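*Asks:* Following this message is one structure expressed as structure tokens.
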Amino acid sequence: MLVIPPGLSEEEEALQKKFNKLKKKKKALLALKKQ
Amino acid sequence: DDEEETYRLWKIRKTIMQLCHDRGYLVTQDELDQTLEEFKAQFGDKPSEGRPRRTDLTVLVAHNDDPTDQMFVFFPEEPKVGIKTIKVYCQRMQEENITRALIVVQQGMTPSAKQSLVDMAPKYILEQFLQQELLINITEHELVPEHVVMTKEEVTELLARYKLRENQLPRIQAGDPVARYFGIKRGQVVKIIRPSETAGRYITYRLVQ
Amino acid sequence: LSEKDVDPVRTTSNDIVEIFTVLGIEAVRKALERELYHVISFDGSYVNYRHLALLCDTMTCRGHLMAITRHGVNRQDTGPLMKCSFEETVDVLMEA
Amino acid sequence: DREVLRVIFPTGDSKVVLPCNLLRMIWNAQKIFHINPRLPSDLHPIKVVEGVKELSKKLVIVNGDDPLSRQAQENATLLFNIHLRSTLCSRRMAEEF
Amino acid sequence: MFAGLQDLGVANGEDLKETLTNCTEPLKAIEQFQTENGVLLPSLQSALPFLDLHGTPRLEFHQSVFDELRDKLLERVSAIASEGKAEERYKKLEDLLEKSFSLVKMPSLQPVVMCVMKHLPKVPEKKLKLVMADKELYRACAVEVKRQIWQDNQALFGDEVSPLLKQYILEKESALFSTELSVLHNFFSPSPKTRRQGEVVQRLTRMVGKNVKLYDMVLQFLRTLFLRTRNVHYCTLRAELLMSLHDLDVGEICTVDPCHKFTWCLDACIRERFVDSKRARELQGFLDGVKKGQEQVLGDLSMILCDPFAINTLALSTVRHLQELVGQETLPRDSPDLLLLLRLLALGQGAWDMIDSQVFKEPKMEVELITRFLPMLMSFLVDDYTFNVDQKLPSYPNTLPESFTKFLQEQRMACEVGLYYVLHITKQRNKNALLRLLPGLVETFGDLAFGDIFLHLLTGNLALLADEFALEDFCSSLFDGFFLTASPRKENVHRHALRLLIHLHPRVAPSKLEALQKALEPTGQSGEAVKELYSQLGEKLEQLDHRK
């Protein structure tokens with residue numbers, strides 16, 4: 001049976017950090033497009 | 001009345017079955033040509049304050065080629081569909097894994113409902129259909145020639161053969177009754193077959209725009 | 001068409017806009033061709049089918065009923081110069 | 001081809017418009033070679049069949065070997081091919097012309 | 001030759017011989033014997049002279065009557081097959097077979113018995129065994145009868161299908177190695193219906209027909225061949241045969257098989273080149289229906305899921321949902337359908353393991369896969385997106401963790417998913433991440449990176465990336481990191497390299513062209529196809545040098 005731990009794994013945390021960085025960069029890019 | 005309502009329900013059911021068969025969805029031969037009598041016997045022959053009520057004869061149909069491409073056909077009760085009814089229909093489709101719905105309203109739904117329906121389109125595609133538009137099958141009229149939906153590969157083959165861009169083809173708008181009958185979206189090309197009195201048979205093409 | 005004992009196959013309506021809204025763009029094309037043929041051959045004359053076919057195809061090439069008036073052929077994107085050749089010259093020039 | 005015509009031509013109006021006036025050219029052929037339609041002729045019916053078939057290939061409207069091109073070419077000259085086959089029949093060439 | 005007329009009481013040639021031996025005057029014996037044996041038509045006696053007045057023998061008369069009545073009997077037995085109530089017509093057919101089987105061997109009255117036993121819903125088994133005893137009757141049986149009788153003779157069916165199996169294997173192994181490489185025109189390009197349009201598939205559909213025993217025999221044959229050879233083409237054959245039977249809507253085979261719906265669905269998946277939430281959801285719903293005592297079907301279900309086309313479709317679906325998760329910034333564990341695809345691919349890949357081990361219990365999945373692999377490739381895709389953003393903003397970090405390589409080497413799921421994402425990004429012209437992940441492709445599970453599927457798809461993708469083949473860095477990195485590791489010992493790797501060099505030589509620079517030429521001259525230890533590919537490469541490059 002497939003079981004997934006509730007906690008966030010190491011690579012999951014790194015991937016989420018990169019999601020946050022890419023999201024902030026893209027929001028800044030959209031704000032630039034507003035300018 | 002109740003007899004005329006029974007006749008109307010049977011007629012719209014037959015037209016929906018024919019439409020589903022035309023799109024390629026798997027509609028069995030028996031239900032395609034079920035006359036009024038067996039419909040009366042199987043659904044109730046008493047739509048007014050009786051068991052043959054709406055939301056009872058809603059139908060899910062699966063694509064003939066692909067078992068996992070299905071469409072609901074719904075018959076809402078309220079004459080003017082509002083946001084609540086389409087919202088509960090969205091909820092019902094949510095537990096299911098299907099993304100195609102066909103609403104048969106009795107009167108034009110609210111403008112808010114239409115706006116939500118067209119905003120919802122990219123993930124969940126569904127269309128409205130006034131029951132008056134369904135009492136007859138327009139593809140059987142003598143003025144309507146043979147319409148065939150073309151796959152992308154043969155569209156590319158057409159474009160290569162005649163060496164023309166897609167914008168140079170004759171256009172057909174998505175609001176066309178036949179276009180809504182076949183549920184075709186923009187950027188999709190329809191082959192049209194006509195009998196010609198000079199050549200015998202002429203095939204043209206229309207781009208949906 | 002929805003009335004009982006009425007043929008939903010042969011019933012036409014002599015009106016091109018109504019047919020366009022009810023049945024579509026190919027139905028309106030065929031009906032328009034038939035109407036032109038009726039109005040021209042009524043005297044007993046004959047005009048070759050090619051000319052009616054070309055006129056009807058130009059009239060319904062863009063998916064909507066294109067009137068031959070200025071409101072139909074100048075809205076089509078055919079270039080400012082021939083548009084001014086037809087009508088409201090300086091207007092279309094100012095727009096362009 | 002008869003059934004195809006019947007679904008192209010309801011109401012049974014046989015007055016059609018076509019390029020070559022086949023009957024007049026048959027009359028011309030009869031008069032040029034002094035056919036004398038009273039003695040048996042020397043025209044093997046398979047010659048008629050093969051001649052019609054090979055004529056049908058030369059009258060090209062849409063040029064190409066693509067299946068789409070072949071279908072378009074077949075649809076363009078469908079009516080004229082039907083007329084040609086219905087006129088240059090082996091029996092009609094054997095008893096009437 | 002009168003074997004059977006002795007049962008009707010009909011005097012035969014031996015009786016004619018004994019009457020002629022015990023005869024006194026020939027006229028008496030011959031006349032009486034054959035006139036009582038003649039056709040007892042009251043008006044026939046007047047017809048006899050007129051037939052032979054011109055000298056035309058009355059044998060022609062009797063043979064004409066025979067042929068006309070043979071036409072009539074064929075038409076009437078067809079009418080019996082068509083008209084009449086089921087019970088009465090079946091009973092009539094049974095009685096008529098019982099009283100007409102005495103002349104089954106005779107080619108004169110063969111059509112009678114043949115049509116009757118063709119139209120019977122179930123011909124008597126004793127007569128079926130008797131028919132099987134005579135080779136002539138067996139060869140004369142119709143397709144319906146052959147379906148009805150092919151139950152015990154398994155060696156004959158195996159020998160009949162063995163050349164078909166060999167030809168099918170050769171066709172499947174030649175389509176992958178087609179001289180033309182393209183992403184859209186590849187091995188998986190034809191739809192399963194188009195794949196069934198082949199003559200082999202139609203012959204097999206005609207042969208198997210509606211018989212349950214034949215279907216089970218084919219299942220056993222394909223299972224044993226897959227067990228022996230680990231050749232996944234038998235999975236494609238089984239799926240194609242099952243869908244061809246489904247297209248006919250054969251009740252006697254489809255209804256008894258729970259796997260027919262799954263095979264139909266899976267071939268639809270292959271036709272659509274993707275698995276959505278709908279597809280994974282319904283495949284899960286069907287898989288979870290393992291009732292008590294029906295675990296063995298799982299292995300056979302895995303037999304369906306080990307289709308090369310199905311495996312490709314599921315892995316590309318995994319890649320597409322992974323890219324969708326990158327766009328959505330969402331974890332795979334927040335989309336259960338991706339895990340559903342992983343489980344489906346696991347069952348497909350472990351088809352052979354479960355068949356060999358005969359253990360009909362679903363294998364388990366290690367969680368480190370989902371906790372580290374997919375986030376790593378999603379990190380790579382997000383890094384590419386960040387490089388794009390920073391390019392638009394008024395370098396690309398290509399740091400590849402080695403656990404990517406470790407997962408590719410040990411894990412089958414990591415192998416499949418990573419290889420397919422590599423294929424997708426090579427199709428995507430994603431040069432940066434391609435060079436990032438290239439050193440991780442040196443070793444995979446069972447050389448799936450060197451397998452026919454991935455090698456064909458990689459050659460097809462690089463055919464799109466032929467423009468990058470002009471630059472020395474791209475070709476050097478690609479070849480050294482993937483091909484040169486397994487070039488000297490693996491035939492498939494070197495053959496794919498030769499095909500790629502042939503098809504992409506117009507773009508390759510002359511220095512890299514000559515380097516690859518020197519690196520790809522086969523020795524005497526390679527096969528004849530290698531020599532043919534080298535000859536084609538030499539011809540193409542000589543023609544290019546002639547253009548100078």
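As shown in the structure tokens, the chain order sets the letters A, B, ...; within each chain, residues go from 1, and ligands are also counted from 1 in the order they appear.
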I'd like the contact shell of residue A:3 - 12 Å cut-off, only C-alpha atoms, skipping same-chain residues fewer than 6 positions apart - returned as a list in words.
*Replies:*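 Once the nearby chain positions are removed, what remains is residues 333, 336, 339, 364, 365, 366, 367, 368, 369, 370 and 371 of chain E.
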*Asks:* I'd like the contact shell of residue D:80 - 10 Å cut-off, only C-alpha atoms, skipping same-chain residues fewer than 6 positions apart - returned as a list in words.
*Replies:*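 Everything that qualifies: residues 198, 199 and 200 of chain B; 16, 17, 18, 19, 20, 56, 59 and 86 of chain D.
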*Asks:* Give me, please, the distance in Å between atom CA of residue E:134 and atom CA of residue E:117, quoted to one decimal.
*Replies:*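 Calculated distance between atom CA of residue E:134 and atom CA of residue E:117 is 15.3 Å.
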*Asks:* Which residues are close to residue A:23, i.e. within 12 Å by only C-alpha atoms, leaving aside same-chain residues fewer than 2 positions away? Reply as a short mmCIF file (atom, residue, chain, number, x, y, z; two decimals) with C-alpha atoms, in the first residue's frame.
*Replies:*
data_model
loop_
_atom_site.label_atom_id
_atom_site.label_comp_id
_atom_site.auth_asym_id
_atom_site.auth_seq_id
_atom_site.Cartn_x
_atom_site.Cartn_y
_atom_site.Cartn_z
CA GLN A 16 9.03 24.75 -2.39
CA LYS A 17 11.75 27.33 -1.73
CA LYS A 18 12.46 27.45 -5.47
CA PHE A 19 8.72 27.79 -6.09
CA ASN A 20 8.72 30.80 -3.77
CA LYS A 21 11.74 32.37 -5.48
CA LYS A 25 10.61 36.87 -9.49
CA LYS A 26 7.60 36.40 -11.79
CA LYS A 27 5.47 38.80 -9.74
CA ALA A 28 8.27 41.36 -9.99
CA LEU A 29 8.37 40.70 -13.74
CA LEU A 30 4.62 41.30 -14.01
CA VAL E 326 5.92 22.78 -11.98
CA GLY E 327 3.59 25.34 -13.54
CA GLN E 328 1.18 24.96 -10.61
CA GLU E 329 3.92 24.89 -7.92
CA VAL E 382 11.90 25.68 -12.03
CA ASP E 383 15.60 26.50 -12.47
CA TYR E 385 12.05 28.99 -15.64
CA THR E 386 14.15 31.14 -13.30
CA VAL E 389 12.87 35.08 -15.99
#
*Asks:* Could you check which of E:48, E:266, E:217, E:86 is closest to chain B, using only C-alpha atoms?
*Replies:* E:266
*Asks:* Write out as a tab-separated table the residues of chain D that have any atom within 7 Å of an atom of chain B, one row each with the nearest atom pair and its distance in Å to one decimal, counting only C-alpha atoms, sorted by chain and then rising number.
*Replies:*
residue	atom	partner	partner_atom	distance
D:8	CA	B:195	CA	5.9
D:17	CA	B:198	CA	6.8
D:75	CA	B:201	CA	5.4
D:76	CA	B:199	CA	5.2
D:77	CA	B:199	CA	5.8
D:78	CA	B:200	CA	5.6
D:79	CA	B:200	CA	4.9
*Asks:* Would you pick out the contacts of residue E:324 at 12 Å or less, using only C-alpha atoms, so that residues sharing its chain but fewer than 5 positions from it are not included, and give the list as a list in words?
*Replies:*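 Here the answer would be residues 276, 317, 318, 319, 329, 330, 331, 332, 335, 338, 378, 381 and 382 of chain E.
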*Asks:* Step one, run DSSP on the backbone; step two, keep only residues of stretch 31-169 of chain B assigned to strand (DSSP E); then write them as a ChimeraX atom specification.
*Replies:* /B:59-62,70-74,100-105,125-130,146-149
*Asks:* May I have the residues from that selection written out with N, CA and C atoms, as a PDB file, in the first residue's frame?
*Replies:*
ATOM      1  N   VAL B  59     -28.606  12.030 -18.753  1.00  0.00           N
ATOM      2  CA  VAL B  59     -27.875  10.903 -19.327  1.00  0.00           C
ATOM      3  C   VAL B  59     -26.381  11.185 -19.348  1.00  0.00           C
ATOM      4  N   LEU B  60     -25.591  10.208 -18.917  1.00  0.00           N
ATOM      5  CA  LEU B  60     -24.155  10.212 -19.154  1.00  0.00           C
ATOM      6  C   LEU B  60     -23.870   9.295 -20.328  1.00  0.00           C
ATOM      7  N   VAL B  61     -23.051   9.770 -21.260  1.00  0.00           N
ATOM      8  CA  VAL B  61     -22.671   8.985 -22.425  1.00  0.00           C
ATOM      9  C   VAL B  61     -21.157   9.025 -22.569  1.00  0.00           C
ATOM     10  N   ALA B  62     -20.566   7.881 -22.890  1.00  0.00           N
ATOM     11  CA  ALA B  62     -19.127   7.770 -23.060  1.00  0.00           C
ATOM     12  C   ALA B  62     -18.767   7.754 -24.539  1.00  0.00           C
ATOM     13  N   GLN B  70     -16.526  11.414 -21.530  1.00  0.00           N
ATOM     14  CA  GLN B  70     -17.951  11.273 -21.298  1.00  0.00           C
ATOM     15  C   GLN B  70     -18.587  12.647 -21.181  1.00  0.00           C
ATOM     16  N   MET B  71     -19.905  12.659 -21.310  1.00  0.00           N
ATOM     17  CA  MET B  71     -20.668  13.892 -21.286  1.00  0.00           C
ATOM     18  C   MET B  71     -21.958  13.649 -20.526  1.00  0.00           C
ATOM     19  N   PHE B  72     -22.255  14.544 -19.593  1.00  0.00           N
ATOM     20  CA  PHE B  72     -23.576  14.595 -18.991  1.00  0.00           C
ATOM     21  C   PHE B  72     -24.506  15.427 -19.857  1.00  0.00           C
ATOM     22  N   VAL B  73     -25.781  15.066 -19.832  1.00  0.00           N
ATOM     23  CA  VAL B  73     -26.852  15.875 -20.387  1.00  0.00           C
ATOM     24  C   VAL B  73     -27.872  16.059 -19.279  1.00  0.00           C
ATOM     25  N   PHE B  74     -28.087  17.313 -18.892  1.00  0.00           N
ATOM     26  CA  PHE B  74     -28.916  17.710 -17.766  1.00  0.00           C
ATOM     27  C   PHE B  74     -30.156  18.440 -18.256  1.00  0.00           C
ATOM     28  N   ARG B 100     -17.465  17.452 -19.357  1.00  0.00           N
ATOM     29  CA  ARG B 100     -18.317  17.846 -20.474  1.00  0.00           C
ATOM     30  C   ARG B 100     -19.776  17.730 -20.064  1.00  0.00           C
ATOM     31  N   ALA B 101     -20.508  18.835 -20.167  1.00  0.00           N
ATOM     32  CA  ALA B 101     -21.910  18.875 -19.784  1.00  0.00           C
ATOM     33  C   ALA B 101     -22.723  19.550 -20.875  1.00  0.00           C
ATOM     34  N   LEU B 102     -24.002  19.197 -20.926  1.00  0.00           N
ATOM     35  CA  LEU B 102     -24.915  19.672 -21.960  1.00  0.00           C
ATOM     36  C   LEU B 102     -26.223  20.015 -21.260  1.00  0.00           C
ATOM     37  N   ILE B 103     -26.494  21.304 -21.098  1.00  0.00           N
ATOM     38  CA  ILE B 103     -27.638  21.774 -20.324  1.00  0.00           C
ATOM     39  C   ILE B 103     -28.791  22.051 -21.272  1.00  0.00           C
ATOM     40  N   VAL B 104     -29.978  21.556 -20.930  1.00  0.00           N
ATOM     41  CA  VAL B 104     -31.159  21.823 -21.739  1.00  0.00           C
ATOM     42  C   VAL B 104     -32.127  22.685 -20.942  1.00  0.00           C
ATOM     43  N   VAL B 105     -32.043  23.999 -21.120  1.00  0.00           N
ATOM     44  CA  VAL B 105     -32.854  24.925 -20.338  1.00  0.00           C
ATOM     45  C   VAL B 105     -34.217  25.099 -20.993  1.00  0.00           C
ATOM     46  N   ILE B 125     -15.891  22.367 -19.748  1.00  0.00           N
ATOM     47  CA  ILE B 125     -16.601  22.883 -20.911  1.00  0.00           C
ATOM     48  C   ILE B 125     -18.036  22.370 -20.870  1.00  0.00           C
ATOM     49  N   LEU B 126     -18.989  23.286 -20.980  1.00  0.00           N
ATOM     50  CA  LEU B 126     -20.397  22.932 -21.029  1.00  0.00           C
ATOM     51  C   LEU B 126     -21.154  24.000 -21.799  1.00  0.00           C
ATOM     52  N   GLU B 127     -22.244  23.594 -22.441  1.00  0.00           N
ATOM     53  CA  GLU B 127     -23.013  24.471 -23.308  1.00  0.00           C
ATOM     54  C   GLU B 127     -24.458  24.487 -22.849  1.00  0.00           C
ATOM     55  N   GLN B 128     -25.166  25.549 -23.199  1.00  0.00           N
ATOM     56  CA  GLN B 128     -26.600  25.590 -22.986  1.00  0.00           C
ATOM     57  C   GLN B 128     -27.325  25.267 -24.285  1.00  0.00           C
ATOM     58  N   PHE B 129     -28.569  24.826 -24.145  1.00  0.00           N
ATOM     59  CA  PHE B 129     -29.380  24.437 -25.293  1.00  0.00           C
ATOM     60  C   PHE B 129     -30.831  24.702 -24.944  1.00  0.00           C
ATOM     61  N   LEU B 130     -31.438  25.698 -25.577  1.00  0.00           N
ATOM     62  CA  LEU B 130     -32.855  25.943 -25.357  1.00  0.00           C
ATOM     63  C   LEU B 130     -33.661  24.764 -25.877  1.00  0.00           C
ATOM     64  N   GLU B 146     -23.887  18.042 -45.661  1.00  0.00           N
ATOM     65  CA  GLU B 146     -23.195  17.136 -44.758  1.00  0.00           C
ATOM     66  C   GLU B 146     -22.025  17.846 -44.087  1.00  0.00           C
ATOM     67  N   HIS B 147     -22.049  17.909 -42.760  1.00  0.00           N
ATOM     68  CA  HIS B 147     -20.963  18.484 -41.978  1.00  0.00           C
ATOM     69  C   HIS B 147     -20.167  17.364 -41.330  1.00  0.00           C
ATOM     70  N   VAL B 148     -18.846  17.427 -41.457  1.00  0.00           N
ATOM     71  CA  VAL B 148     -17.948  16.457 -40.850  1.00  0.00           C
ATOM     72  C   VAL B 148     -16.851  17.224 -40.136  1.00  0.00           C
ATOM     73  N   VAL B 149     -16.569  16.850 -38.903  1.00  0.00           N
ATOM     74  CA  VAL B 149     -15.477  17.477 -38.171  1.00  0.00           C
ATOM     75  C   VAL B 149     -14.170  16.810 -38.569  1.00  0.00           C
TER      76      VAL B 149
END
*Asks:* Using only C-alpha atoms and a distance of at most 6 Å, pull out the residues of chain C that contact chain B, as a PyMOL selection string.
*Replies:* chain C and resi 2+9+23-24+27+61-63
*Asks:* Residues near residue C:73, anyone? I mean within 12 Å using only C-alpha atoms, not counting same-chain ones fewer than 2 positions away, as a list in words.
*Replies:*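 So the residues in contact are residues 58, 59, 60, 61, 62, 65, 66, 67, 68, 69, 70, 71, 75, 76, 77, 78, 79, 80, 82, 83, 84, 85, 86 and 87 of chain C.
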*Asks:* Could you please tell me, as a PyMOL selection string, which residues of chain C have an atom within 12 Å of chain D when using only C-alpha atoms?
*Replies:* chain C and resi 46-50
*Asks:* Would you put the residues from that selection into a file with C-alpha atoms, as a PDB file, in the first residue's frame?
*Replies:*
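Contents of result.pdb, as written:
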ATOM      1  CA  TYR C  46     -31.651  31.696 -67.767  1.00  0.00           C
ATOM      2  CA  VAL C  47     -28.432  32.702 -66.029  1.00  0.00           C
ATOM      3  CA  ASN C  48     -25.669  30.147 -65.665  1.00  0.00           C
ATOM      4  CA  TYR C  49     -25.307  28.597 -62.225  1.00  0.00           C
ATOM      5  CA  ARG C  50     -21.675  29.721 -61.942  1.00  0.00           C
TER       6      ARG C  50
END
*Asks:* Would you pick out the contacts of residue E:211 at 9 Å or less, using only C-alpha atoms, so that residues sharing its chain but fewer than 3 positions from it are not included, and give the list as a list in words?
*Replies:*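 Listed by chain and then number, they are residues 147, 148, 149, 150, 151, 208, 214, 215, 216, 252 and 253 of chain E.
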*Asks:* Restricted to N, CA and C atoms, what would the selected residues look like written as a PDB file, in the first residue's frame?
*Replies:*
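Below is the file out20.pdb, written as the result:
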ATOM      1  N   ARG E 147     -13.687 -22.544 -35.015  1.00  0.00           N
ATOM      2  CA  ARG E 147     -13.835 -21.945 -33.693  1.00  0.00           C
ATOM      3  C   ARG E 147     -14.479 -22.928 -32.721  1.00  0.00           C
ATOM      4  N   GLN E 148     -15.492 -23.663 -33.183  1.00  0.00           N
ATOM      5  CA  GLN E 148     -16.230 -24.573 -32.312  1.00  0.00           C
ATOM      6  C   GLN E 148     -15.418 -25.797 -31.899  1.00  0.00           C
ATOM      7  N   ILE E 149     -14.413 -26.194 -32.679  1.00  0.00           N
ATOM      8  CA  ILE E 149     -13.733 -27.464 -32.441  1.00  0.00           C
ATOM      9  C   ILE E 149     -12.306 -27.312 -31.919  1.00  0.00           C
ATOM     10  N   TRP E 150     -11.710 -26.126 -32.017  1.00  0.00           N
ATOM     11  CA  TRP E 150     -10.319 -25.938 -31.603  1.00  0.00           C
ATOM     12  C   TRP E 150     -10.261 -25.828 -30.084  1.00  0.00           C
ATOM     13  N   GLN E 151     -10.401 -26.970 -29.409  1.00  0.00           N
ATOM     14  CA  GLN E 151     -10.293 -27.024 -27.955  1.00  0.00           C
ATOM     15  C   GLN E 151      -9.137 -27.902 -27.494  1.00  0.00           C
ATOM     16  N   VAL E 208      -8.572 -16.647 -34.162  1.00  0.00           N
ATOM     17  CA  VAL E 208      -9.087 -16.793 -32.803  1.00  0.00           C
ATOM     18  C   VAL E 208     -10.610 -16.760 -32.801  1.00  0.00           C
ATOM     19  N   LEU E 214      -9.522 -20.973 -27.559  1.00  0.00           N
ATOM     20  CA  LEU E 214      -8.479 -20.370 -28.383  1.00  0.00           C
ATOM     21  C   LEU E 214      -7.900 -19.130 -27.720  1.00  0.00           C
ATOM     22  N   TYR E 215      -8.760 -18.296 -27.132  1.00  0.00           N
ATOM     23  CA  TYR E 215      -8.276 -17.102 -26.450  1.00  0.00           C
ATOM     24  C   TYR E 215      -7.375 -17.461 -25.276  1.00  0.00           C
ATOM     25  N   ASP E 216      -7.775 -18.449 -24.474  1.00  0.00           N
ATOM     26  CA  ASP E 216      -6.942 -18.855 -23.346  1.00  0.00           C
ATOM     27  C   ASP E 216      -5.632 -19.476 -23.822  1.00  0.00           C
ATOM     28  N   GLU E 252     -18.899 -13.931 -26.429  1.00  0.00           N
ATOM     29  CA  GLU E 252     -18.370 -15.148 -25.821  1.00  0.00           C
ATOM     30  C   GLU E 252     -16.937 -14.988 -25.331  1.00  0.00           C
ATOM     31  N   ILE E 253     -16.259 -13.905 -25.703  1.00  0.00           N
ATOM     32  CA  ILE E 253     -14.889 -13.654 -25.286  1.00  0.00           C
ATOM     33  C   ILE E 253     -14.780 -12.398 -24.427  1.00  0.00           C
TER      34      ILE E 253
END
*Asks:* Could you tell me how far atom CA of residue E:127 sits from atom CA of residue E:100, in Å to one decimal place?
*Replies:*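 Here the two named atoms are 11.6 Å from each other.
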*Asks:* In Å, rounded to a single decimal, give me how far atom CA of residue E:470 is from atom CA of residue E:543.
*Replies:*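 Atom CA of residue E:470 lies at a distance of 18.5 Å from atom CA of residue E:543.
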*Asks:* Can you list, as a compact mmCIF listing (two decimals) with N, CA and C atoms, in the first residue's frame, all residues belonging to chain A that DSSP tags as alpha helix (DSSP H)?
*Replies:*
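Result file is result_6.txt:
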# COMPACT_ATOMS: atom_id res chain seq x y z
N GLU A 10 13.24 16.66 2.37
CA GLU A 10 14.30 17.62 2.07
C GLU A 10 14.13 18.23 0.69
N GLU A 11 14.02 17.38 -0.33
CA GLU A 11 13.90 17.89 -1.69
C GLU A 11 12.57 18.59 -1.89
N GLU A 12 11.52 18.17 -1.18
CA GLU A 12 10.26 18.90 -1.23
C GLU A 12 10.42 20.31 -0.68
N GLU A 13 11.15 20.46 0.43
CA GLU A 13 11.38 21.80 0.98
C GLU A 13 12.21 22.65 0.02
N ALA A 14 13.26 22.08 -0.57
CA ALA A 14 14.05 22.84 -1.53
C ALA A 14 13.22 23.25 -2.74
N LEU A 15 12.37 22.34 -3.22
CA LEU A 15 11.51 22.63 -4.36
C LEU A 15 10.51 23.73 -4.02
N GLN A 16 9.96 23.71 -2.80
CA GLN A 16 9.03 24.75 -2.39
C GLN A 16 9.73 26.10 -2.26
N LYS A 17 10.97 26.10 -1.77
CA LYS A 17 11.75 27.33 -1.73
C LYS A 17 11.97 27.88 -3.14
N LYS A 18 12.28 27.00 -4.09
CA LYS A 18 12.46 27.45 -5.47
C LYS A 18 11.15 27.91 -6.09
N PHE A 19 10.03 27.27 -5.73
CA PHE A 19 8.72 27.79 -6.09
C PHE A 19 8.53 29.21 -5.59
N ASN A 20 8.88 29.46 -4.33
CA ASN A 20 8.72 30.80 -3.77
C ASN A 20 9.59 31.82 -4.50
N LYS A 21 10.85 31.45 -4.78
CA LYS A 21 11.74 32.37 -5.48
C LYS A 21 11.24 32.67 -6.89
N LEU A 22 10.81 31.63 -7.61
CA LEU A 22 10.30 31.83 -8.96
C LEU A 22 9.01 32.65 -8.95
N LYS A 23 8.14 32.41 -7.97
CA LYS A 23 6.91 33.18 -7.85
C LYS A 23 7.19 34.65 -7.60
N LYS A 24 8.12 34.95 -6.68
CA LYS A 24 8.44 36.35 -6.40
C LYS A 24 9.09 37.01 -7.61
N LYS A 25 9.99 36.31 -8.30
CA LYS A 25 10.61 36.87 -9.49
C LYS A 25 9.57 37.13 -10.58
N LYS A 26 8.61 36.22 -10.75
CA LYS A 26 7.60 36.40 -11.79
C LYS A 26 6.62 37.51 -11.43
N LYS A 27 6.30 37.67 -10.15
CA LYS A 27 5.47 38.80 -9.74
C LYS A 27 6.19 40.12 -9.97
N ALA A 28 7.50 40.17 -9.67
CA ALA A 28 8.27 41.36 -9.99
C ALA A 28 8.30 41.62 -11.49
N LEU A 29 8.40 40.56 -12.29
CA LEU A 29 8.37 40.70 -13.74
C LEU A 29 7.03 41.26 -14.21
N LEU A 30 5.93 40.78 -13.64
CA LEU A 30 4.62 41.30 -14.01
C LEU A 30 4.47 42.76 -13.60
N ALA A 31 5.00 43.12 -12.43
CA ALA A 31 5.00 44.52 -12.02
C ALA A 31 5.81 45.37 -12.99
N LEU A 32 6.92 44.82 -13.49
CA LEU A 32 7.69 45.51 -14.53
C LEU A 32 6.86 45.68 -15.80
N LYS A 33 6.11 44.65 -16.18
CA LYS A 33 5.23 44.75 -17.33
C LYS A 33 4.16 45.82 -17.12
N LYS A 34 3.73 46.02 -15.86
CA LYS A 34 2.83 47.13 -15.56
C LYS A 34 3.50 48.47 -15.85
*Asks:* Of the candidates B:204, B:64, B:106, B:112, which shows the shortest atom-to-atom distance to chain E, using only C-alpha atoms?
*Replies:*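 Of B:204, B:64, B:106, B:112, the one nearest chain E is B:64, counting only C-alpha atoms.
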*Asks:* Just want the 9 Å neighbourhood of stretch 36-38 of chain C, counted on only C-alpha atoms, with same-chain residues fewer than 2 positions away dropped. Output as a ChimeraX atom specification.
*Replies:* /C:31-34,40-42,46-47,49,52,56
*Asks:* Any chance you can output those residues with C-alpha atoms as an mmCIF file, in the first residue's frame?
*Replies:*
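Output file out-v9.cif follows:
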data_model
loop_
_atom_site.group_PDB
_atom_site.id
_atom_site.type_symbol
_atom_site.label_atom_id
_atom_site.label_comp_id
_atom_site.auth_asym_id
_atom_site.auth_seq_id
_atom_site.Cartn_x
_atom_site.Cartn_y
_atom_site.Cartn_z
ATOM 1 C CA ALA C 31 -31.532 29.177 -49.551
ATOM 2 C CA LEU C 32 -30.051 32.418 -50.880
ATOM 3 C CA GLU C 33 -29.006 30.638 -54.066
ATOM 4 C CA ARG C 34 -32.501 29.204 -54.484
ATOM 5 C CA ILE C 40 -34.155 35.628 -61.920
ATOM 6 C CA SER C 41 -35.747 32.683 -63.748
ATOM 7 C CA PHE C 42 -39.248 33.954 -62.961
ATOM 8 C CA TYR C 46 -31.651 31.696 -67.767
ATOM 9 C CA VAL C 47 -28.432 32.702 -66.029
ATOM 10 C CA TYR C 49 -25.307 28.597 -62.225
ATOM 11 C CA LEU C 52 -25.215 32.700 -58.759
ATOM 12 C CA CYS C 56 -23.639 33.507 -52.953
#
*Asks:* Compile the residues of chain E that lie within 10 Å of chain B, evaluated using only C-alpha atoms, and express the compilation as a list in words.
*Replies:* residues 193, 261, 262, 264, 265, 266, 267, 268, 269, 271, 272, 275, 276, 277, 278, 279, 280, 281, 282 and 283 of chain E
